[PDB]
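Peer 1: Can you read through this structure? Questions will come right after.
Cβ: placed from backbone, ideal geometry, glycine included. Neighbour counts: every protein chain shown. Please treat every number below as a calculation from the coordinates, not as lab data.
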């Protein structure tokens, strides 16, 4: 019925795609993600945490809803700089997803106690 192109991956320039491609973001340390961005920094896909086929590992988030990242959703169960997850590819054990400190301009921050400038 429908299938994404299966020929080239960087249909843009010869060497590399000039414009920016995938570039998600996160608030805090991947803790405020609240999104199932199953995309790894390499463009891979967050393999289901409960995936015992390729890379096997105990203590999954599928058995721990306290995280909110079940299935192939990418999240940060360690509160590290950002969320990460196993990849559906056996060539990539695991990796961080394309997250970054959401550098937005809108207000977003609902707190106005102290103000920080140039910091």
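Peer 1: Where the centre of each part is set by its Cα atoms, how far does the stretch 1-62 sit from the stretch 76-119, in angstrom?
Peer 2: Measuring centre to centre over Cα atoms gives 14 Å.
Peer 1: Here is a follow-up. Going by C-beta contacts inside 10 Å, put 41, 109 in order with the fewest on the left.
Peer 2: Fewest-to-most ranking of 41, 109: 109, 41.
Peer 1: Among 53, 60, 100, 87, rank each residue by its count of other Cβ atoms within 10 Å, from fewest to most, as a rough exposure measure.
Peer 2: Going from sparsest to densest Cβ surroundings: 53, 100, 60, 87.
Peer 1: For residue 16 paired with residue 111, estimate the spin-label separation in nm (one decimal), with each label point 7 Å from Cα along the Cα-to-Cβ line.
Peer 2: 3.6 nm
Peer 1: Where does each of 118, 11 land when they are ranked from fewest to most other beta-carbon atoms within 10 angstrom?
Peer 2: Listed from fewest to most nearby Cβ atoms, that is 118, 11.
Peer 1: Rounded to the nearest whole Å³, what is the per residue volume of the convex hull around the Cα atoms of the chain?
Peer 2: 186 Å³
Peer 1: Could I ask something else about it? For a Förster distance of 25 Å, can you work out the FRET efficiency between the beta-carbons of residue 7 and residue 41, rounded to the nearest 0.05?
Peer 2: Taking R0 as 25 Å, the efficiency between residue 7 and residue 41 is 0.55.
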